[PDB]
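K.L.:
Data: final19.cif, mmCIF, N, CA, C and O atoms.
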```cif
data_structure
#
loop_
_atom_site.group_PDB
_atom_site.id
_atom_site.type_symbol
_atom_site.label_atom_id
_atom_site.label_comp_id
_atom_site.auth_asym_id
_atom_site.auth_seq_id
_atom_site.Cartn_x
_atom_site.Cartn_y
_atom_site.Cartn_z
ATOM 1 N N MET A 1 4.175 14.686 -11.674
ATOM 2 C CA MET A 1 4.927 14.671 -10.425
ATOM 3 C C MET A 1 4.744 13.344 -9.695
ATOM 4 O O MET A 1 3.784 12.614 -9.947
ATOM 5 N N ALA A 2 5.667 13.039 -8.790
ATOM 6 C CA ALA A 2 5.605 11.801 -8.023
ATOM 7 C C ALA A 2 5.316 12.080 -6.552
ATOM 8 O O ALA A 2 5.898 12.987 -5.956
ATOM 9 N N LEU A 3 4.413 11.297 -5.973
ATOM 10 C CA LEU A 3 4.046 11.461 -4.570
ATOM 11 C C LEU A 3 4.546 10.287 -3.735
ATOM 12 O O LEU A 3 4.138 9.141 -3.924
ATOM 13 N N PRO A 4 5.451 10.577 -2.789
ATOM 14 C CA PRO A 4 6.025 9.560 -1.904
ATOM 15 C C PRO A 4 5.008 9.020 -0.904
ATOM 16 O O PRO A 4 4.026 9.689 -0.581
ATOM 17 N N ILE A 5 5.250 7.808 -0.417
ATOM 18 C CA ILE A 5 4.354 7.179 0.547
ATOM 19 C C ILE A 5 5.120 6.245 1.478
ATOM 20 O O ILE A 5 5.895 5.402 1.028
ATOM 21 N N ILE A 6 4.893 6.399 2.779
ATOM 22 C CA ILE A 6 5.558 5.567 3.774
ATOM 23 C C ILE A 6 4.685 4.382 4.171
ATOM 24 O O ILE A 6 3.488 4.534 4.416
ATOM 25 N N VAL A 7 5.292 3.201 4.235
ATOM 26 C CA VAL A 7 4.571 1.990 4.606
ATOM 27 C C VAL A 7 5.152 1.370 5.871
ATOM 28 O O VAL A 7 6.366 1.374 6.077
ATOM 29 N N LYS A 8 4.278 0.837 6.718
ATOM 30 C CA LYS A 8 4.704 0.211 7.964
ATOM 31 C C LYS A 8 4.319 -1.266 7.990
ATOM 32 O O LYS A 8 3.160 -1.619 7.771
ATOM 33 N N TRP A 9 5.298 -2.122 8.259
ATOM 34 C CA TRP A 9 5.060 -3.560 8.315
ATOM 35 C C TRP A 9 5.987 -4.225 9.326
ATOM 36 O O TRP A 9 7.209 -4.159 9.201
ATOM 37 N N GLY A 10 5.398 -4.870 10.329
ATOM 38 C CA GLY A 10 6.187 -5.539 11.347
ATOM 39 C C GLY A 10 7.190 -4.612 12.005
ATOM 40 O O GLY A 10 8.306 -5.020 12.326
ATOM 41 N N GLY A 11 6.794 -3.358 12.204
ATOM 42 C CA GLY A 11 7.679 -2.390 12.825
ATOM 43 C C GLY A 11 8.674 -1.802 11.844
ATOM 44 O O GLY A 11 9.468 -0.932 12.202
ATOM 45 N N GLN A 12 8.632 -2.278 10.603
ATOM 46 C CA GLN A 12 9.539 -1.795 9.569
ATOM 47 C C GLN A 12 8.963 -0.566 8.872
ATOM 48 O O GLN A 12 7.759 -0.319 8.925
ATOM 49 N N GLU A 13 9.832 0.198 8.219
ATOM 50 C CA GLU A 13 9.409 1.401 7.511
ATOM 51 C C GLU A 13 10.007 1.447 6.108
ATOM 52 O O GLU A 13 11.217 1.304 5.931
ATOM 53 N N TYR A 14 9.149 1.644 5.112
ATOM 54 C CA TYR A 14 9.591 1.705 3.724
ATOM 55 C C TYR A 14 8.828 2.779 2.956
ATOM 56 O O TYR A 14 7.603 2.728 2.847
ATOM 57 N N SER A 15 9.562 3.753 2.425
ATOM 58 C CA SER A 15 8.955 4.842 1.669
ATOM 59 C C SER A 15 8.983 4.546 0.173
ATOM 60 O O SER A 15 9.801 3.759 -0.302
ATOM 61 N N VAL A 16 8.081 5.184 -0.567
ATOM 62 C CA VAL A 16 8.000 4.991 -2.009
ATOM 63 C C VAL A 16 8.436 6.246 -2.757
ATOM 64 O O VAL A 16 8.258 7.365 -2.273
ATOM 65 N N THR A 17 9.010 6.055 -3.940
ATOM 66 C CA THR A 17 9.473 7.171 -4.756
ATOM 67 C C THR A 17 9.528 6.789 -6.231
ATOM 68 O O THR A 17 10.525 7.038 -6.911
ATOM 69 N N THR A 18 8.450 6.185 -6.721
ATOM 70 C CA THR A 18 8.376 5.769 -8.116
ATOM 71 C C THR A 18 7.075 6.235 -8.760
ATOM 72 O O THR A 18 7.042 6.569 -9.944
ATOM 73 N N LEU A 19 6.005 6.256 -7.973
ATOM 74 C CA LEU A 19 4.701 6.682 -8.465
ATOM 75 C C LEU A 19 4.059 7.687 -7.513
ATOM 76 O O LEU A 19 4.708 8.185 -6.593
ATOM 77 N N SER A 20 2.782 7.977 -7.740
ATOM 78 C CA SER A 20 2.053 8.923 -6.902
ATOM 79 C C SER A 20 0.823 8.266 -6.284
ATOM 80 O O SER A 20 0.282 7.304 -6.828
ATOM 81 N N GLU A 21 0.388 8.794 -5.145
ATOM 82 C CA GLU A 21 -0.778 8.258 -4.452
ATOM 83 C C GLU A 21 -2.009 8.287 -5.355
ATOM 84 O O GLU A 21 -2.968 7.546 -5.138
ATOM 85 N N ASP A 22 -1.972 9.146 -6.368
ATOM 86 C CA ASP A 22 -3.083 9.272 -7.304
ATOM 87 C C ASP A 22 -2.952 8.262 -8.441
ATOM 88 O O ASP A 22 -3.712 8.301 -9.408
ATOM 89 N N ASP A 23 -1.983 7.362 -8.317
ATOM 90 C CA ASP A 23 -1.753 6.342 -9.333
ATOM 91 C C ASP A 23 -2.695 5.158 -9.139
ATOM 92 O O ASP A 23 -3.656 4.985 -9.890
ATOM 93 N N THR A 24 -2.413 4.343 -8.127
ATOM 94 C CA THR A 24 -3.233 3.175 -7.835
ATOM 95 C C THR A 24 -2.644 2.361 -6.688
ATOM 96 O O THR A 24 -1.428 2.330 -6.497
ATOM 97 N N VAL A 25 -3.513 1.704 -5.927
ATOM 98 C CA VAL A 25 -3.078 0.889 -4.799
ATOM 99 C C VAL A 25 -2.142 -0.225 -5.255
ATOM 100 O O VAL A 25 -1.046 -0.389 -4.717
ATOM 101 N N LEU A 26 -2.580 -0.988 -6.249
ATOM 102 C CA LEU A 26 -1.781 -2.088 -6.780
ATOM 103 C C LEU A 26 -0.447 -1.581 -7.318
ATOM 104 O O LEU A 26 0.524 -2.332 -7.405
ATOM 105 N N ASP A 27 -0.407 -0.303 -7.677
ATOM 106 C CA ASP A 27 0.809 0.305 -8.205
ATOM 107 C C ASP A 27 1.812 0.570 -7.087
ATOM 108 O O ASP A 27 3.005 0.294 -7.230
ATOM 109 N N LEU A 28 1.324 1.108 -5.974
ATOM 110 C CA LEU A 28 2.179 1.411 -4.832
ATOM 111 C C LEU A 28 2.417 0.165 -3.984
ATOM 112 O O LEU A 28 3.557 -0.186 -3.681
ATOM 113 N N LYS A 29 1.332 -0.503 -3.605
ATOM 114 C CA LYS A 29 1.420 -1.712 -2.796
ATOM 115 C C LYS A 29 2.421 -2.695 -3.394
ATOM 116 O O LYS A 29 3.250 -3.261 -2.682
ATOM 117 N N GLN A 30 2.339 -2.892 -4.706
ATOM 118 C CA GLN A 30 3.239 -3.806 -5.399
ATOM 119 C C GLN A 30 4.695 -3.420 -5.163
ATOM 120 O O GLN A 30 5.566 -4.283 -5.046
ATOM 121 N N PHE A 31 4.953 -2.118 -5.092
ATOM 122 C CA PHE A 31 6.305 -1.617 -4.871
ATOM 123 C C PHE A 31 6.806 -2.000 -3.482
ATOM 124 O O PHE A 31 7.832 -2.666 -3.341
ATOM 125 N N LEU A 32 6.075 -1.572 -2.458
ATOM 126 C CA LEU A 32 6.443 -1.868 -1.078
ATOM 127 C C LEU A 32 6.359 -3.366 -0.802
ATOM 128 O O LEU A 32 7.057 -3.888 0.069
ATOM 129 N N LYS A 33 5.502 -4.053 -1.548
ATOM 130 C CA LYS A 33 5.329 -5.492 -1.387
ATOM 131 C C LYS A 33 6.653 -6.225 -1.577
ATOM 132 O O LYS A 33 6.904 -7.250 -0.943
ATOM 133 N N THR A 34 7.498 -5.691 -2.453
ATOM 134 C CA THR A 34 8.797 -6.294 -2.725
ATOM 135 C C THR A 34 9.769 -6.052 -1.576
ATOM 136 O O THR A 34 10.708 -6.822 -1.371
ATOM 137 N N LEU A 35 9.537 -4.979 -0.828
ATOM 138 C CA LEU A 35 10.392 -4.636 0.303
ATOM 139 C C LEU A 35 9.846 -5.230 1.598
ATOM 140 O O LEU A 35 10.586 -5.433 2.561
ATOM 141 N N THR A 36 8.546 -5.508 1.614
ATOM 142 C CA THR A 36 7.902 -6.079 2.790
ATOM 143 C C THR A 36 7.618 -7.564 2.594
ATOM 144 O O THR A 36 7.492 -8.315 3.561
ATOM 145 N N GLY A 37 7.521 -7.983 1.336
ATOM 146 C CA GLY A 37 7.253 -9.377 1.036
ATOM 147 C C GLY A 37 5.770 -9.677 0.943
ATOM 148 O O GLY A 37 5.359 -10.604 0.244
ATOM 149 N N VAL A 38 4.963 -8.891 1.650
ATOM 150 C CA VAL A 38 3.517 -9.077 1.643
ATOM 151 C C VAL A 38 2.871 -8.320 0.489
ATOM 152 O O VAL A 38 3.175 -7.149 0.253
ATOM 153 N N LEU A 39 1.978 -8.994 -0.227
ATOM 154 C CA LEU A 39 1.286 -8.385 -1.357
ATOM 155 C C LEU A 39 -0.111 -7.922 -0.956
ATOM 156 O O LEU A 39 -0.670 -8.357 0.050
ATOM 157 N N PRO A 40 -0.689 -7.019 -1.762
ATOM 158 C CA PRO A 40 -2.029 -6.479 -1.513
ATOM 159 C C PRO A 40 -3.123 -7.519 -1.730
ATOM 160 O O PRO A 40 -4.228 -7.390 -1.204
ATOM 161 N N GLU A 41 -2.807 -8.548 -2.510
ATOM 162 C CA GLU A 41 -3.765 -9.610 -2.796
ATOM 163 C C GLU A 41 -4.081 -10.413 -1.538
ATOM 164 O O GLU A 41 -5.083 -11.125 -1.478
ATOM 165 N N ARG A 42 -3.217 -10.293 -0.536
ATOM 166 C CA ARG A 42 -3.402 -11.009 0.721
ATOM 167 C C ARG A 42 -3.994 -10.092 1.787
ATOM 168 O O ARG A 42 -4.886 -10.490 2.536
ATOM 169 N N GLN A 43 -3.489 -8.864 1.851
ATOM 170 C CA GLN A 43 -3.968 -7.891 2.825
ATOM 171 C C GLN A 43 -4.086 -6.505 2.200
ATOM 172 O O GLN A 43 -3.778 -6.315 1.023
ATOM 173 N N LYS A 44 -4.535 -5.539 2.993
ATOM 174 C CA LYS A 44 -4.694 -4.170 2.518
ATOM 175 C C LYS A 44 -4.106 -3.176 3.515
ATOM 176 O O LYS A 44 -4.011 -3.462 4.709
ATOM 177 N N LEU A 45 -3.713 -2.009 3.018
ATOM 178 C CA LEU A 45 -3.135 -0.971 3.865
ATOM 179 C C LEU A 45 -4.218 -0.258 4.668
ATOM 180 O O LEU A 45 -5.279 0.077 4.138
ATOM 181 N N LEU A 46 -3.944 -0.025 5.946
ATOM 182 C CA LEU A 46 -4.894 0.651 6.822
ATOM 183 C C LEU A 46 -5.418 1.929 6.173
ATOM 184 O O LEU A 46 -4.656 2.851 5.889
ATOM 185 N N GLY A 47 -6.727 1.976 5.944
ATOM 186 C CA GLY A 47 -7.332 3.144 5.332
ATOM 187 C C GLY A 47 -8.846 3.105 5.378
ATOM 188 O O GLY A 47 -9.442 3.064 6.456
ATOM 189 N N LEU A 48 -9.473 3.118 4.207
ATOM 190 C CA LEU A 48 -10.928 3.085 4.117
ATOM 191 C C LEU A 48 -11.385 2.151 3.001
ATOM 192 O O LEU A 48 -10.592 1.753 2.147
ATOM 193 N N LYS A 49 -12.667 1.804 3.012
ATOM 194 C CA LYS A 49 -13.230 0.920 1.999
ATOM 195 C C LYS A 49 -14.172 1.684 1.074
ATOM 196 O O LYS A 49 -15.048 2.417 1.531
ATOM 197 N N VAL A 50 -13.988 1.504 -0.230
ATOM 198 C CA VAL A 50 -14.822 2.174 -1.221
ATOM 199 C C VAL A 50 -15.753 1.185 -1.914
ATOM 200 O O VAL A 50 -15.350 0.075 -2.262
ATOM 201 N N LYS A 51 -17.001 1.595 -2.113
ATOM 202 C CA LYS A 51 -17.990 0.747 -2.767
ATOM 203 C C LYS A 51 -18.205 -0.543 -1.981
ATOM 204 O O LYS A 51 -18.719 -1.527 -2.513
ATOM 205 N N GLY A 52 -17.810 -0.531 -0.712
ATOM 206 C CA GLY A 52 -17.970 -1.705 0.126
ATOM 207 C C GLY A 52 -16.788 -2.651 0.030
ATOM 208 O O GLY A 52 -16.739 -3.668 0.721
ATOM 209 N N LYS A 53 -15.832 -2.314 -0.830
ATOM 210 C CA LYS A 53 -14.644 -3.141 -1.015
ATOM 211 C C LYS A 53 -13.450 -2.548 -0.275
ATOM 212 O O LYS A 53 -13.286 -1.331 -0.185
ATOM 213 N N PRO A 54 -12.593 -3.427 0.267
ATOM 214 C CA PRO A 54 -11.397 -3.013 1.007
ATOM 215 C C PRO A 54 -10.340 -2.393 0.100
ATOM 216 O O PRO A 54 -9.248 -2.938 -0.059
ATOM 217 N N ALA A 55 -10.671 -1.251 -0.493
ATOM 218 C CA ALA A 55 -9.749 -0.555 -1.382
ATOM 219 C C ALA A 55 -9.163 -1.508 -2.419
ATOM 220 O O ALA A 55 -8.073 -2.047 -2.234
ATOM 221 N N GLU A 56 -9.895 -1.710 -3.510
ATOM 222 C CA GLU A 56 -9.448 -2.598 -4.576
ATOM 223 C C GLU A 56 -8.038 -2.234 -5.031
ATOM 224 O O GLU A 56 -7.482 -1.219 -4.615
ATOM 225 N N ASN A 57 -7.465 -3.072 -5.891
ATOM 226 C CA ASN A 57 -6.120 -2.839 -6.402
ATOM 227 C C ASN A 57 -6.092 -1.629 -7.331
ATOM 228 O O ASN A 57 -5.100 -0.902 -7.391
ATOM 229 N N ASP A 58 -7.187 -1.420 -8.053
ATOM 230 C CA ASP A 58 -7.290 -0.297 -8.978
ATOM 231 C C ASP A 58 -7.616 0.993 -8.232
ATOM 232 O O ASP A 58 -7.570 2.083 -8.805
ATOM 233 N N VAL A 59 -7.947 0.863 -6.951
ATOM 234 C CA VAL A 59 -8.281 2.018 -6.126
ATOM 235 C C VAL A 59 -7.042 2.851 -5.819
ATOM 236 O O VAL A 59 -6.016 2.322 -5.391
ATOM 237 N N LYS A 60 -7.145 4.157 -6.039
ATOM 238 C CA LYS A 60 -6.033 5.066 -5.783
ATOM 239 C C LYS A 60 -5.704 5.119 -4.295
ATOM 240 O O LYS A 60 -6.531 4.765 -3.454
ATOM 241 N N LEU A 61 -4.493 5.563 -3.977
ATOM 242 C CA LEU A 61 -4.056 5.664 -2.590
ATOM 243 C C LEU A 61 -4.753 6.821 -1.881
ATOM 244 O O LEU A 61 -5.546 6.613 -0.964
ATOM 245 N N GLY A 62 -4.454 8.042 -2.315
ATOM 246 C CA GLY A 62 -5.063 9.213 -1.714
ATOM 247 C C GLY A 62 -6.577 9.150 -1.724
ATOM 248 O O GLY A 62 -7.242 9.939 -1.053
ATOM 249 N N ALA A 63 -7.123 8.210 -2.487
ATOM 250 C CA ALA A 63 -8.569 8.047 -2.582
ATOM 251 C C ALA A 63 -9.175 7.730 -1.220
ATOM 252 O O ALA A 63 -10.019 8.472 -0.716
ATOM 253 N N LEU A 64 -8.741 6.623 -0.627
ATOM 254 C CA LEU A 64 -9.242 6.207 0.679
ATOM 255 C C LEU A 64 -8.095 6.010 1.665
ATOM 256 O O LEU A 64 -8.231 6.290 2.857
ATOM 257 N N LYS A 65 -6.965 5.527 1.160
ATOM 258 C CA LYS A 65 -5.792 5.295 1.995
ATOM 259 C C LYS A 65 -5.490 6.515 2.860
ATOM 260 O O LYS A 65 -5.920 6.592 4.013
ATOM 261 N N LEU A 66 -4.751 7.464 2.300
ATOM 262 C CA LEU A 66 -4.393 8.681 3.020
ATOM 263 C C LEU A 66 -3.461 9.554 2.186
ATOM 264 O O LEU A 66 -3.216 9.274 1.012
ATOM 265 N N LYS A 67 -2.941 10.611 2.800
ATOM 266 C CA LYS A 67 -2.032 11.523 2.117
ATOM 267 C C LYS A 67 -0.746 10.810 1.715
ATOM 268 O O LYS A 67 -0.451 9.704 2.171
ATOM 269 N N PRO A 68 0.043 11.455 0.841
ATOM 270 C CA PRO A 68 1.312 10.901 0.360
ATOM 271 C C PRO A 68 2.379 10.868 1.448
ATOM 272 O O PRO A 68 2.851 9.800 1.837
ATOM 273 N N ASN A 69 2.755 12.046 1.937
ATOM 274 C CA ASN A 69 3.768 12.151 2.982
ATOM 275 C C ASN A 69 3.380 11.320 4.202
ATOM 276 O O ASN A 69 4.234 10.933 5.000
ATOM 277 N N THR A 70 2.086 11.050 4.339
ATOM 278 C CA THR A 70 1.584 10.267 5.461
ATOM 279 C C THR A 70 1.974 8.800 5.326
ATOM 280 O O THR A 70 2.070 8.271 4.218
ATOM 281 N N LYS A 71 2.201 8.147 6.460
ATOM 282 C CA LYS A 71 2.579 6.739 6.470
ATOM 283 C C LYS A 71 1.364 5.848 6.708
ATOM 284 O O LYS A 71 0.436 6.228 7.424
ATOM 285 N N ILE A 72 1.375 4.665 6.104
ATOM 286 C CA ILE A 72 0.274 3.722 6.252
ATOM 287 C C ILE A 72 0.732 2.447 6.951
ATOM 288 O O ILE A 72 1.914 2.105 6.927
ATOM 289 N N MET A 73 -0.211 1.746 7.572
ATOM 290 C CA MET A 73 0.096 0.507 8.275
ATOM 291 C C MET A 73 -0.356 -0.704 7.466
ATOM 292 O O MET A 73 -1.405 -0.676 6.824
ATOM 293 N N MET A 74 0.443 -1.766 7.500
ATOM 294 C CA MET A 74 0.124 -2.987 6.770
ATOM 295 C C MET A 74 -0.449 -4.047 7.705
ATOM 296 O O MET A 74 0.230 -4.508 8.623
ATOM 297 N N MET A 75 -1.700 -4.427 7.468
ATOM 298 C CA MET A 75 -2.361 -5.433 8.290
ATOM 299 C C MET A 75 -2.587 -6.718 7.500
ATOM 300 O O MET A 75 -3.385 -6.750 6.563
ATOM 301 N N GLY A 76 -1.879 -7.776 7.882
ATOM 302 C CA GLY A 76 -2.016 -9.048 7.198
ATOM 303 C C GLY A 76 -0.808 -9.943 7.390
ATOM 304 O O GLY A 76 -0.083 -9.819 8.379
ATOM 305 N N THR A 77 -0.589 -10.852 6.445
ATOM 306 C CA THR A 77 0.537 -11.774 6.515
ATOM 307 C C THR A 77 1.269 -11.852 5.180
ATOM 308 O O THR A 77 0.657 -11.726 4.118
ATOM 309 N N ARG A 78 2.579 -12.059 5.240
ATOM 310 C CA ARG A 78 3.395 -12.153 4.035
ATOM 311 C C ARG A 78 3.143 -13.471 3.309
ATOM 312 O O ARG A 78 2.632 -14.425 3.896
ATOM 313 N N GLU A 79 3.505 -13.516 2.031
ATOM 314 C CA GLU A 79 3.316 -14.717 1.226
ATOM 315 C C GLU A 79 4.568 -15.589 1.248
ATOM 316 O O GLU A 79 5.672 -15.102 1.488
ATOM 317 N N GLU A 80 4.386 -16.882 0.999
ATOM 318 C CA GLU A 80 5.500 -17.822 0.991
ATOM 319 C C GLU A 80 6.156 -17.879 -0.386
ATOM 320 O O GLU A 80 5.669 -18.556 -1.290
ATOM 321 N N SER A 81 7.265 -17.160 -0.536
ATOM 322 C CA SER A 81 7.986 -17.125 -1.803
ATOM 323 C C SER A 81 9.048 -18.219 -1.855
ATOM 324 O O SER A 81 9.897 -18.315 -0.970
#
```
Using structure tokens, write down the structure from this file.
P.N.:
Amino acid sequence: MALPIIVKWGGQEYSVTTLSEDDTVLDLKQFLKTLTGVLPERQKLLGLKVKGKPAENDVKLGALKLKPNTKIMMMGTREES
């Protein structure tokens, strides 16, 4: 099954519908990153830190981030493409 996820960036809103929160941060972030322009390699989605790390890329969403239907906030800056 697929778990949707809402992302917030600069007042913008973008939901996901390709993978599940139990997939991986880099998996979801990469998706919204194309709609927001900002990648996870620069910033991280508002959530929690595991093993002392700011939710690595291999770190699942529902792991520390939050629920699927729940929306997350993007803290950081976009990359220069």
K.L.:
Could you tell me which residues the PyMOL selection byres ((chain A and resi 46) around 4.5) returns for this structure, as a list in words?
P.N.:
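Evaluating the PyMOL selection byres ((chain A and resi 46) around 4.5) on these coordinates yields residues 44, 45, 47, 65 and 73 of chain A.
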K.L.:
Just N, CA, C and O atoms for this one: save the residues we selected as a CSV table (one decimal), in the frame of the given file.
P.N.:
```
chain,number,residue,atom,x,y,z
A,44,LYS,N,-4.5,-5.5,3.0
A,44,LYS,CA,-4.7,-4.2,2.5
A,44,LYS,C,-4.1,-3.2,3.5
A,44,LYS,O,-4.0,-3.5,4.7
A,45,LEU,N,-3.7,-2.0,3.0
A,45,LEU,CA,-3.1,-1.0,3.9
A,45,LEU,C,-4.2,-0.3,4.7
A,45,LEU,O,-5.3,0.1,4.1
A,47,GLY,N,-6.7,2.0,5.9
A,47,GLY,CA,-7.3,3.1,5.3
A,47,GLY,C,-8.8,3.1,5.4
A,47,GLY,O,-9.4,3.1,6.5
A,65,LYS,N,-7.0,5.5,1.2
A,65,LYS,CA,-5.8,5.3,2.0
A,65,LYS,C,-5.5,6.5,2.9
A,65,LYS,O,-5.9,6.6,4.0
A,73,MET,N,-0.2,1.7,7.6
A,73,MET,CA,0.1,0.5,8.3
A,73,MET,C,-0.4,-0.7,7.5
A,73,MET,O,-1.4,-0.7,6.8
```
K.L.:
Output the residue selection produced by the PyMOL selection byres ((chain A and resi 39) around 8) on the file above, formatted as a count of residues only.
P.N.:
19
K.L.:
Quick one: DSSP strand (DSSP E) residues in chain A, as a VMD selection string?
P.N.:
chain A and resid 5 to 9 12 to 16 44 to 45 71 to 75
K.L.:
For the file shown, report as a list in words the outcome of the PyMOL selection byres ((chain A and resi 21) around 6) at residue level.
P.N.:
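Checked against the file, the PyMOL selection byres ((chain A and resi 21) around 6) matches residues 3, 4, 19, 20, 22, 23, 24, 25, 60, 61, 62, 63 and 68 of chain A.
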K.L.:
For a quick check of understanding, using only C-alpha atoms, which of A:50, A:81, A:67, A:1 has the smallest distance to residue A:17?
P.N.:
A:1
K.L.:
What gap, in Å, lies between atom O of residue A:74 and atom C of residue A:10?
P.N.:
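Separation between atom O of residue A:74 and atom C of residue A:10: 7.7 Å.
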K.L.:
Have a look at A:66, A:72, A:80, A:52 and name the one nearest to residue A:7; count only C-alpha atoms.
P.N.:
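Using only C-alpha atoms, residue A:7 sits closest to A:72.
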K.L.:
Give me, please, the distance in Å between atom C of residue A:28 and atom C of residue A:57, quoted to one decimal.
P.N.:
9.3 Å
K.L.:
Take atom CA of residue A:5 and atom CA of residue A:59 and report the distance between them in Å, one decimal.
P.N.:
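Spanning atom CA of residue A:5 to atom CA of residue A:59 is a straight-line distance of 15.2 Å.
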K.L.:
Pick the closest to residue A:12 from A:64, A:71, A:48, A:27: which is it, counting only C-alpha atoms?
P.N.:
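Among the listed residues, the smallest separation from residue A:12 belongs to A:71.
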K.L.:
For the structure I just gave you, how does DSSP split chain A - specifically, which residues are helix (DSSP H, G or I)? Reply as a ChimeraX atom specification.
P.N.:
/A:25-36,61-64
K.L.:
Taking only N, CA, C and O atoms into account, name the residue in A:26, A:31, A:51, A:56 that is nearest to residue A:14.
P.N.:
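Among A:26, A:31, A:51, A:56, it is A:31 that comes nearest to residue A:14.
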K.L.:
Report as JSON the centre and the edge lengths, in Å to one decimal, of the axis-aligned box holding every listed atom of stretch 25-43 of chain A, padded by 8 Å on each side.
P.N.:
```
{"center_x": 2.8, "center_y": -4.7, "center_z": -2.3, "size_x": 31.8, "size_y": 28.8, "size_z": 27.8}
```
